[PDB]
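A quick note on method: Cβ atoms are made from the backbone with ideal geometry, for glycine too, and the neighbour counts reach across all protein chains shown. What follows draws every value from the coordinates through simple rules; no lab data is involved.
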Amino acid sequence: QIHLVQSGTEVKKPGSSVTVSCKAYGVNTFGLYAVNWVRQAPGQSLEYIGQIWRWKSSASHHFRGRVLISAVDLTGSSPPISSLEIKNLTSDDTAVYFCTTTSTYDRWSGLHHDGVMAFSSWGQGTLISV
Amino acid sequence: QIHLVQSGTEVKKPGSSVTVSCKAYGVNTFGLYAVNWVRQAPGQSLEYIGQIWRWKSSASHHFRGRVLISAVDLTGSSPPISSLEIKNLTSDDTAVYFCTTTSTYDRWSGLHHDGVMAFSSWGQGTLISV
Amino acid sequence: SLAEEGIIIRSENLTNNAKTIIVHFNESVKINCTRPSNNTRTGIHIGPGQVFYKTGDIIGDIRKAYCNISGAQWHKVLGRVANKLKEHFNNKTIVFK
Amino acid sequence: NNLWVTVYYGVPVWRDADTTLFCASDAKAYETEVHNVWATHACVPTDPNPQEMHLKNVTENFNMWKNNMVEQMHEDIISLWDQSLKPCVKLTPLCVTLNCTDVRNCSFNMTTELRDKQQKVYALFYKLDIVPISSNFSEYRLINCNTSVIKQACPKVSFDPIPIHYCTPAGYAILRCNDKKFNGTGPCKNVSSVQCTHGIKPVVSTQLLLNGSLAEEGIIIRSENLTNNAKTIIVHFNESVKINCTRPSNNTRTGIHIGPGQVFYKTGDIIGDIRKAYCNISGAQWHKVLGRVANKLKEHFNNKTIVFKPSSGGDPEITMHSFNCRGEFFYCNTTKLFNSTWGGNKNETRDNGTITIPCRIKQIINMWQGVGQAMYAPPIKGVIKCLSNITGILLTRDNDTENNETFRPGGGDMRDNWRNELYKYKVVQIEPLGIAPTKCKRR
Amino acid sequence: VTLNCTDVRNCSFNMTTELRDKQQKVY
Amino acid sequence: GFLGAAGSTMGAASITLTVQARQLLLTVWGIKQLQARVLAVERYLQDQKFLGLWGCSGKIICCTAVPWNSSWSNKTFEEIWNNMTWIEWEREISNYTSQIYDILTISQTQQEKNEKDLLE
Amino acid sequence: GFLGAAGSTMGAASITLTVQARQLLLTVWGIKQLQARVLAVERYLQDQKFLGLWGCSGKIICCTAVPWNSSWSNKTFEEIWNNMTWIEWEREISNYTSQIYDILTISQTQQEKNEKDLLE
Amino acid sequence: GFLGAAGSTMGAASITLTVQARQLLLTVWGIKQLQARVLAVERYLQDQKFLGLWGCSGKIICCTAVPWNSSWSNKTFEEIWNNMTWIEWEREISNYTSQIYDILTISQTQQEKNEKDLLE
Amino acid sequence: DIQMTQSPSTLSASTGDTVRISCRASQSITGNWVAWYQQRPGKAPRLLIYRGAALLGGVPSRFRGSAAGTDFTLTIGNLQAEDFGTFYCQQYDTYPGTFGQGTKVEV
Ligand SMILES: *[C@@H]1O[C@H](CO)[C@@H](O[C@@H]2O[C@H](CO)[C@@H](O[C@@H]3O[C@H](CO[C@H]4O[C@H](CO[C@H]5O[C@H](CO)[C@@H](O)[C@H](O)[C@@H]5O[C@H]5O[C@H](CO)[C@@H](O)[C@H](O)[C@@H]5O)[C@@H](O)[C@H](O[C@H]5O[C@H](CO)[C@@H](O)[C@H](O)[C@@H]5O[C@H]5O[C@H](CO)[C@@H](O)[C@H](O)[C@@H]5O)[C@@H]4O)[C@@H](O)[C@H](O[C@H]4O[C@H](CO)[C@@H](O)[C@H](O)[C@@H]4O[C@H]4O[C@H](CO)[C@@H](O)[C@H](O)[C@@H]4O[C@H]4O[C@H](CO)[C@@H](O)[C@H](O)[C@@H]4O)[C@@H]3O)[C@H](O)[C@H]2NC(C)=O)[C@H](O)[C@H]1NC(C)=O
Ligand SMILES: *[C@@H]1O[C@H](CO)[C@@H](O[C@@H]2O[C@H](CO)[C@@H](O[C@@H]3O[C@H](CO[C@H]4O[C@H](CO[C@H]5O[C@H](CO)[C@@H](O)[C@H](O)[C@@H]5O[C@H]5O[C@H](CO)[C@@H](O)[C@H](O)[C@@H]5O)[C@@H](O)[C@H](O[C@H]5O[C@H](CO)[C@@H](O)[C@H](O)[C@@H]5O[C@H]5O[C@H](CO)[C@@H](O)[C@H](O)[C@@H]5O)[C@@H]4O)[C@@H](O)[C@H](O[C@H]4O[C@H](CO)[C@@H](O)[C@H](O)[C@@H]4O[C@H]4O[C@H](CO)[C@@H](O)[C@H](O)[C@@H]4O[C@H]4O[C@H](CO)[C@@H](O)[C@H](O)[C@@H]4O)[C@@H]3O)[C@H](O)[C@H]2NC(C)=O)[C@H](O)[C@H]1NC(C)=O
Ligand SMILES: *[C@@H]1O[C@H](CO)[C@@H](O[C@@H]2O[C@H](CO)[C@@H](O[C@@H]3O[C@H](CO[C@H]4O[C@H](CO)[C@@H](O)[C@H](O)[C@@H]4O)[C@@H](O)[C@H](O[C@H]4O[C@H](CO)[C@@H](O)[C@H](O)[C@@H]4O[C@H]4O[C@H](CO)[C@@H](O)[C@H](O)[C@@H]4O)[C@@H]3O)[C@H](O)[C@H]2NC(C)=O)[C@H](O)[C@H]1NC(C)=O
Ligand SMILES: *[C@@H]1O[C@H](CO)[C@@H](O[C@@H]2O[C@H](CO)[C@@H](O[C@@H]3O[C@H](CO[C@H]4O[C@H](CO)[C@@H](O)[C@H](O)[C@@H]4O)[C@@H](O)[C@H](O[C@H]4O[C@H](CO)[C@@H](O)[C@H](O)[C@@H]4O[C@H]4O[C@H](CO)[C@@H](O)[C@H](O)[C@@H]4O)[C@@H]3O)[C@H](O)[C@H]2NC(C)=O)[C@H](O)[C@H]1NC(C)=O
Ligand SMILES: *[C@@H]1O[C@H](CO)[C@@H](O[C@@H]2O[C@H](CO)[C@@H](O[C@@H]3O[C@H](CO[C@H]4O[C@H](CO)[C@@H](O)[C@H](O)[C@@H]4O)[C@@H](O)[C@H](O[C@H]4O[C@H](CO)[C@@H](O)[C@H](O)[C@@H]4O)[C@@H]3O)[C@H](O)[C@H]2NC(C)=O)[C@H](O)[C@H]1NC(C)=O
Ligand SMILES: *[C@@H]1O[C@H](CO)[C@@H](O[C@@H]2O[C@H](CO)[C@@H](O)[C@H](O)[C@H]2NC(C)=O)[C@H](O)[C@H]1NC(C)=O
Ligand SMILES: *[C@@H]1O[C@H](CO)[C@@H](O[C@@H]2O[C@H](CO)[C@@H](O)[C@H](O)[C@H]2NC(C)=O)[C@H](O)[C@H]1NC(C)=O
Ligand SMILES: *[C@@H]1O[C@H](CO)[C@@H](O[C@@H]2O[C@H](CO)[C@@H](O)[C@H](O)[C@H]2NC(C)=O)[C@H](O)[C@H]1NC(C)=O
Ligand SMILES: *[C@@H]1O[C@H](CO)[C@@H](O)[C@H](O)[C@H]1NC(C)=O
Ligand SMILES: *[C@@H]1O[C@H](CO)[C@@H](O)[C@H](O)[C@H]1NC(C)=O
Ligand SMILES: *[C@@H]1O[C@H](CO)[C@@H](O)[C@H](O)[C@H]1NC(C)=O
Ligand SMILES: *[C@@H]1O[C@H](CO)[C@@H](O)[C@H](O)[C@H]1NC(C)=O
Ligand SMILES: *[C@@H]1O[C@H](CO)[C@@H](O)[C@H](O)[C@H]1NC(C)=O
Ligand SMILES: *[C@@H]1O[C@H](CO)[C@@H](O)[C@H](O)[C@H]1NC(C)=O
């Protein structure tokens, strides 16, 4: 059905850029669906970075000029993919990154409300450390 | 259809007891139907003794501790029967006794009203004298 | 649907013998009916879309259908039914033929 | 400084729902009577002046592949076809041994007016309908003598598809996308509410779409699972290309009495010259449209070299281009149309010549796959000609891996013929009740 | 039809097949 | 006809929620006609039952004297009618509708009994 | 839903006759569905015709200014509402219903004409 | 039942337009029954929609505060109600009915909004 | 903008024990826009309860919530083997969403 698989884990250096690609299997389009990026610090509560909801990129208050969201819809062979781009990384960014996708087709389902929404599906996560 | 036949006529003595049995032919049950006992004095207006309506014996104001009403529902061979029992008979009780049965299944038929009711069917009568 | 505490015999004209008698069960008795007679059905074409299925040779051993009745429970239920019929039938000796 | 409940009736609130949509046809009848298959009668509501109402700043999600309007239409199509062909000639005494010699001169023993008598009938049957079962005269049988009985279309029933409008009852509404280059899935920019859909003609065709609605500025390729190769690909046309299909093979149909009121019409000898059916395609326009379609497919397919191959799997309904011209089904090949390579070397070939495609006409029609009733199409007296202006193609992608994707023609279910036209519409119910807090204090 | 039989019985009868002309013997 | 000004602000909807309002004037198709007509009749009857049962009857902008506990909503007038549309509001109070209807019915019967008994 | 407190005294019925009130929310089976729905619609419409024609319209406890001649009934308030139930009362006034309905309609039209002519 | 006193003068019709008013109480024939019942229900519902939407609801002689521009008619009271019948009047104002209905609806919503806003 | 916390931070329970998971928000959520998450050790969480007390297709019937103004409680009746792990309640009515520190279940 709905399976979210994304890139592997790797170690980088401060000041570099990280590209995490999330592949959505079973998702028809990113127009009906919406993908949300959340980060869980090691042994700590989760944090919400941003989203690209029906082709509208956005980010949290702290992530201004810091994170970029990309999304590609269905292709001939590859499934829809959304990529996470972060630059000027520092030592506090070392955490597992999660790719979350939910369906926004039905307005009365209650999963979504004016852009802010719940996360029905989750990815395996990408461990990041320096 | 509905045929009411009861016992014959006989002569008794004051202070004795009279048992008049009324056999109801065509009556399914005494739960849906109600049997009423009325007495007509010779050449005189009728008089109402009592009834057993859906297994609830009752009697007129004058017939307190004086008359007993019995009723038996459908059996294997005999039809439903209701018996009239009077004790301490006096010279004024010599009259024809009538067995009356009416249907109480329908509340809007108008034949019945809170126990007091009309008499749709009648028996041949039992002449009683001393 | 079962009864609540006893056996209920309901009939429209209990006096009449031409009206069927319906008996409700205080308690139910389980029966097992089986046909251990494995079939090999075969369909033949008897027209443009008319497929007729007929019974073929019975492979394996041949068996006849049967139904199993718990004797003790059935006899107890029948005795209770007869006891409850006796009051409706003037305590006559109830016999089943 | 406090609020009180105020009841509102007529609020603009809608919720997704599925209901039964009735029929609405442009009022005919002064066409004589001519009971067509899609009965004009019982389509009592004649469509009045369209009552448009645009919704400002309303964005509604659309999903063409989960729409119930297509199933609505499909069930109505099958039911109407059965209703149309039911109340006339049954034609069951037809499955016999055909002592035949395209077409073949076949002889068989047919039941006449009476039960006692028997008549010998010589009839011409097309090779597609004929099925085999050291000599010079062979013996044959019909194509579908094992599936179901063969039934005549019907004496005076026309196969001309007329536009049909689909309104909803009171309390419901239809949302029309009105969005240019709409992919059929996703949000719609502005949306307008309408009662009936636009006039849609229930044409039936396979592997190549027919009379319909054009696009707005470009070619739209819509498919449910574009990644999957087992899902058909639907292409909408920027512009339409006209095709001319004719049967200059003048017939002399003759009716025989095969029962008390059972009149069977068979193809007689072709008077005059003998000709084979064909369809003409404007080569230059078709090649330009195919090139534009390939260019618009390249972006969806990672700019791969798009190549079109002819149909491979031998199946008479699937591999052929199905349609009716005036009551006759053609089944031509499209090999000379769907055979080209686009973008492999960026240069031309093509030519610009009128393309003529051979056709293999047959009469026994097992349409709607096995769900629909089998039909026998009686021959037409005169020559046949109908002018068609193609709006759409039904493509299919091929399991192996390479740098080029092969798209061969051939669609799937009959729903794909109308999926191209019901994509913009979506039935929805409205709840006029609404409660908001105000400062009223009364009542 | 007439069933040329021999519980159960093995019966043979002339049954109409796919075609109007042919006839099949069914057991 | 009520679909007009659906995405507009609540004030514009209110001034428009009465601009159209209502202009009024064996076959499978016949079966569909009958089903659609019966369904429309049932929906209209349902709406009229609710309206008349709340005491609204035949009034479009119906008033009621029910309070507004800060449990169904906690926002203040201006934001309700400016930072919102009708569909947004209905989604906001989606699963309080049954309780709100019950409270409306209780308030209506209470006031009706009160006026009947004060009528002496 | 109105079947509750059927055998209770008239006062308990009145306090209950508004306790439920109404919560609301080719095949032979389809034919039965359609027949049942049409019949329910007809009964509801009949009741609403009578209510609105008497001037009640959408009110549950409807008042009227029609007198009470001691011909339909001769018992006094307390016994009507204590020595009786709703079914008993309906049986008591069963065959006066047509006359009572006619008198209600005449009184309604009389008062409506009176108010229209006094409106000057 | 309303056909009585059809050809009479308008005054006699008005005094009679409330004299009857309303007394109330797979087979092709079943299909005809169902069609007739549904059609009658639809006509009754249409009339009630118009009445309640103009604010009349359940009143027979319904008043309204809409003016009477000398464009729909230019004759004076006595001749309208004496030199005319109901059918003649309906033919006179036959193709102004849509405009008159629209003006009634606008006036009703105007007065309803005015009273709601004056209710403060 | 909503500072949501959940208590108790840690708790212990055995199989078959009803467990109370509650989180009082900083502000009242009248729209019941709260989501419940259950994260197994190692892999991702999943969404159990959305829109206050609505189940998701493919969830055991032992996860039921409540919406009472600002209070939101999650109930686990007849606690099962896989139910052990940290829990999260999230609001999604005001941008952006916020989670809690985490409540976990231990033997
Ligand atoms: C049907 O149909 C429909 C319709 O038609 C459709 O839809 C569609 O879809 C599609 C898909 O397919 C799409 O497309 C896509 O999109 C997306 C989105 O976009 C958006 O966004 C973006 C972003 O934004 C952000 O950023 C910016 C800058 O910075 C800013 O400004 C903004 O503001 C934002 O920001 C925000 O947010 C953030 C977060 O994120 C934060 O932080 C901040 O703060 C803020 O808040 C953007 O950019 C864009 O823009 C654009 O566009 C527009 C329009 O829209 C315009 O206007 C503009 O101008 C722009 O444009 C430009 O650019 C272009 C490019 O090309 C050019 O061309 C032009 O000219 C100009 O110049 C928007 O807004 C996106 O993202 C995507 O992209 C992608 O892809 C492409 C191609 O296509 C490319 O080119 C790019 O690059 C990308 O790619 C990437 O990614 C991928 C993924 O994986 C990869 O793979 C690759 O490789 C790449 O990567 C690379 O690069 C990058 C760069 O960045 C980097 O980073 C990395 O690292 C690497 O290196 C696409 O484009 C569309 O849109 C749609 N449309 C509609 C209408 O809808 C559908 O789909 C259909 N369907 C079917 C089934 O078919
Ligand atoms: C279905 O199901 C259902 C249900 O299940 C059913 O129903 C049922 O039915 C049945 C029938 O079948 C029934 O049964 C019956 O019943 C009847 C009635 O009862 C009642 O009533 C009575 C009477 O009352 C009166 O009286 C008393 C004393 O005195 C008093 O107290 C009272 O109050 C009253 O008084 C009143 O009235 C009067 C008039 O009448 C006046 O005068 C005064 O003043 C007052 O007002 C009574 O008694 C009863 O009671 C009883 O019961 C109860 C319950 O109910 C109880 O609680 C009580 O306690 C009692 O009991 C006791 O007793 C018993 C007996 O057995 C015992 O067991 C016990 O334990 C106790 O002790 C009531 O209330 C009746 O009547 C009847 O009876 C009969 O039968 C039996 C058997 O069954 C016997 O036993 C008896 O005896 C009788 O018999 C008689 O009659 C007959 C007729 O013909 C005859 O034949 C015989 O022989 C006899 O006779 C003799 O004896 C007598 C005695 O008396 C004398 O008199 C003579 O002369 C001779 O000698 C029966 O039981 C039931 O009820 C029912 N149930 C229900 C629930 O409903 C149905 O049916 C079914 N269906 C089908 C189809 O199946
Ligand atoms: C439109 O059409 C497309 C194509 O036809 C279709 O895409 C297919 O989607 C399904 C989604 O179910 C994909 O199947 C999944 O694929 C992922 C990814 O596999 C990659 O890696 C393997 C191994 O290297 C490669 O062979 C493969 O090609 C991919 O590159 C798998 O991870 C999924 O595994 C699940 O299925 C197993 C059985 O096959 C089960 O054991 C189990 O359920 C697996 O999920 C489990 O994984 C978790 C660990 O990660 C585990 O913890 C959980 O318990 C979880 O249950 C699955 O095979 C399929 O590959 C796609 N096809 C293509 C060609 O990409 C769309 O779905 C379709 N759209 C719609 C709406 O139908
Ligand atoms: C995509 O859309 C195009 C639109 O142009 C469509 O082409 C048109 O198809 C229709 C349907 O076949 C064609 O209409 C038919 O034309 C024939 C030929 O008439 C010629 O001669 C007359 C008189 O000289 C001219 O006026 C006319 O223009 C033609 O030159 C007619 O014979 C047909 O008559 C049938 O329709 C009548 C109502 O119009 C009915 O009375 C009756 O049903 C007629 O058929 C009956 O005739 C039999 C006797 O011959 C009778 O026994 C049967 O009972 C039978 O029912 C009809 O008018 C039209 O000409 C086409 N237009 C062009 C430009 O070619 C395409 O067909 C469409 N695509 C697809 C796939 O359908
Ligand atoms: C705010 O308003 C919304 C309005 O929707 C409410 O959301 C609904 O909440 C109820 C109750 O929580 C939900 O009902 C439950 O749905 C579960 C999901 O079932 C799905 O899967 C089945 C099978 O595939 C489908 O048939 C079904 O349609 C769903 O797609 C069910 O599993 C639940 O069943 C439970 O109850 C039955 C008895 O009915 C018992 O046997 C079991 O205990 C079983 O677990 C239940 O029916 C409903 O789905 C929600 N709707 C939506 C659209 O999400 C919110 O609850 C409300 N807010 C608050 C705080 O109440
Ligand atoms: C909203 O969509 C409608 C399509 O229905 C657009 O309306 C068309 O606009 C063009 C030029 O603006 C006119 O030539 C057409 O006649 C209009 N069609 C109809 C049916 O009115 C409209 O432009 C769209 N609005 C926006 C802002 O894009
Ligand atoms: C459709 O018509 C074309 C026209 O010839 C057929 O193409 C030839 O088919 C035969 C046998 O199928 C081959 O031997 C030839 O080599 C084909 N010619 C070319 C140029 O490719 C085609 O086969 C027909 N399709 C069907 C299903 O009969
Ligand atoms: C066949 O396709 C042509 C071209 O798309 C259509 O011709 C146009 O039709 C519209 C309205 O139907 C006219 O406004 C244009 O003037 C026509 N253009 C030309 C060049 O004729 C034609 O309508 C299509 N036929 C059918 C039956 O839809
Ligand atoms: C039948 O029942 C009656 C009444 O209970 C009883 O007196 C009689 O003895 C019973 N018959 C037998 C044979 O016991
Ligand atoms: C058929 O057989 C051969 C082969 O076509 C042919 O020469 C002959 O004339 C035909 N007729 C007969 C009767 O053989
Ligand atoms: C396919 O499209 C991409 C994006 O526009 C372009 O960069 C690429 O060059 C194209 N492929 C070819 C062969 O031109
Ligand atoms: C508001 O709703 C709550 C939820 O049931 C209820 O307890 C409360 O009583 C309501 N407010 C008032 C003022 O009654
Ligand atoms: C009471 O009903 C009778 C019966 O027709 C009637 O004559 C009488 O006028 C009514 N009472 C009054 C006060 O009119
Ligand atoms: C009377 O009708 C005319 C016709 O449209 C209209 O212009 C005029 O305004 C109406 N009268 C008044 C007073 O508005």
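A few remarks follow.
- With all pairs of separate Cα atoms included, chain I yields a Kirkwood hydrodynamic radius of 13.8 Å.
- Dipole magnitude for segment B:3-127: computed about the Cα centre from +1 point charges on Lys and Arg Cβ and -1 point charges on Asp and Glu Cβ, it is near 200 debye.
- Computed [θ] at 222 nm, deg cm²/dmol, the protein assembly as shown (DSSP H ≥ 4; -39,500 (n - 2.57); rounded to nearest 500): -6500 deg cm²/dmol
- Order of F:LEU104, G:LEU3 - criterion: other Cβ atoms within 10 Å of each residue's Cβ, fewest first: G:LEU3, F:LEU104
- Förster radius 51 Å - calculated FRET efficiency between D:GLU299 and I:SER12, Cβ distance, rounded to 0.05: 0.30
- Cα-based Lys pair tally, chain C, threshold under 17 Å, eight or more apart or on separate chains: 5
- Within 10 Å of each Cβ in G:28-39, the average number of Cβ atoms from other chains: 3
- The ranking of D:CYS325, G:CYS56 by Cβ neighbour count inside 10 Å, starting from the fewest, reads G:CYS56, D:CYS325.
- Zone residues, segment D:148-181, relative to D:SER79, backbone N less than 18 Å from point 7 Å out along Cα-to-Cβ: D:164-170
- The rotation axis taking chain B to chain A passes closest to the C-beta of one chain B residue; that residue and the distance in whole Å read B:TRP108, 28.
- Between G:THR64 and F:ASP117, the C-beta separation translates, for a Förster distance of 22 Å, into a calculated FRET efficiency of about 0.85.
- Ordering of G:41-54, D:412-425, D:179-192 by packing [mean C-beta count within 10 Å, highest first]: D:412-425, D:179-192, G:41-54
- Relative contact order for segment A:42-84: 27 percent, from Cα pairs under 8 Å spaced at least 6 residues apart, divided by residue count.
- Placing a label point 7 Å from the Cα of G:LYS49 along the Cα-to-Cβ direction, the residues of segment H:16-43 with a backbone N closer than 11 Å are H:22-25, H:40-41.
- Ranked from shortest, the separations from the 7 Å Cα-to-Cβ label point of G:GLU120 to its equivalents in the other copies are 3.9, 4.0 nm.
- Working ranking of peptides D:216-224, A:86-94, D:359-367 by packing, defined as the average number of other Cβ atoms within 10 Å per residue, highest first, is D:359-367, D:216-224, A:86-94.
- Kirkwood's formula applied to the C-alpha pairs of chain F gives a hydrodynamic radius of 17.5 angstrom.
- Over every Cα atom in segment A:3-127, the radius of gyration and the widest Cα-Cα span, Dmax, amount to 14.2, 45 Å.
- Legend: mean number of C-beta atoms from other chains within 10 angstrom of residue C-beta atoms, peptide C:46-55, equals 5.
- Separation between Cα centres of segment B:79-130 and segment I:3-56, rounded to whole Å: 76 Å
- Pairwise Cα inverse-distance average, inverted: Kirkwood Rh of the protein assembly as shown (Å): 40.2 Å
- Distance in nm between pseudo-label sites at B:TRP108 and C:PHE52 (7 Å out along the Cβ direction from Cα): 5.7 nm
- Chain I, relative contact order [Cα under 8 Å, separation at least 6], %: 37 percent
- Inter-copy label distances at A:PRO14 (7 Å, Cα→Cβ; nm, one decimal): 13.2
- The listed peptides D:26-36, F:78-88, ordered by packing as a protection proxy, come out as F:78-88, D:26-36 (highest mean of other Cβ atoms within 10 Å first).
- Each Cα pair under 8 Å and six or more residues apart adds its separation to the average, and for chain B the resulting relative contact order is 34 percent.
- Per-residue average of Cβ from other chains inside 10 Å of G:104-115: 3
- Distance violations [Cα-Cα > 19 Å] among B:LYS13/B:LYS56; D:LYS156/D:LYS381; A:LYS56/D:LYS189; D:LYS151/D:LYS385: B:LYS13/B:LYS56; D:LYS151/D:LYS385
- Counting neighbouring Cβ atoms within 10 Å and putting the fewest first, the residues A:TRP122, G:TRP29 line up as G:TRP29, A:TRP122.
- Relative to one another, the C-alpha centroids of segment D:221-259 and segment C:22-76 are positioned 52 Å apart.
- Extending 7 Å from Cα along the Cβ direction at D:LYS189 and again at B:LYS87 yields two label points whose distance is 10.5 nm.
- Cross-link check: pairs D:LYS441/H:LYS59; D:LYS441/G:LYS75; D:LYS127/D:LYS298; F:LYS75/H:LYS116; A:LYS87/D:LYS346; D:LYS201/F:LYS32 evaluated at a Cα-Cα cut-off of 31 Å; pairs beyond the cut-off: D:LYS441/G:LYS75; D:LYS127/D:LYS298; A:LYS87/D:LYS346.
- Inter-copy label distances at B:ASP114 (7 Å, Cα→Cβ; nm, one decimal): 6.5
- Cα centre as origin, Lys/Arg/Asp/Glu Cβ charges: the protein assembly as shown dipole, Debye: 3900 debye
- Chain D: C-alpha pair distances exceeding 32 Å, %: 49 percent
- The label point for H:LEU26 and the one for B:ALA118, both projected 7 Å from the Cα toward the Cβ, are 4.3 nm apart.
- Residue-count net charge about H:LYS116 - beta-carbon cut-off 14 Å; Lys, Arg +1, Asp, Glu -1: +2
- Stokes-Einstein D in µm²/s, Kirkwood radius over Cα pairs - segment F:26-76 at 37 °C with 0.692 mPa s viscosity: 232 µm²/s
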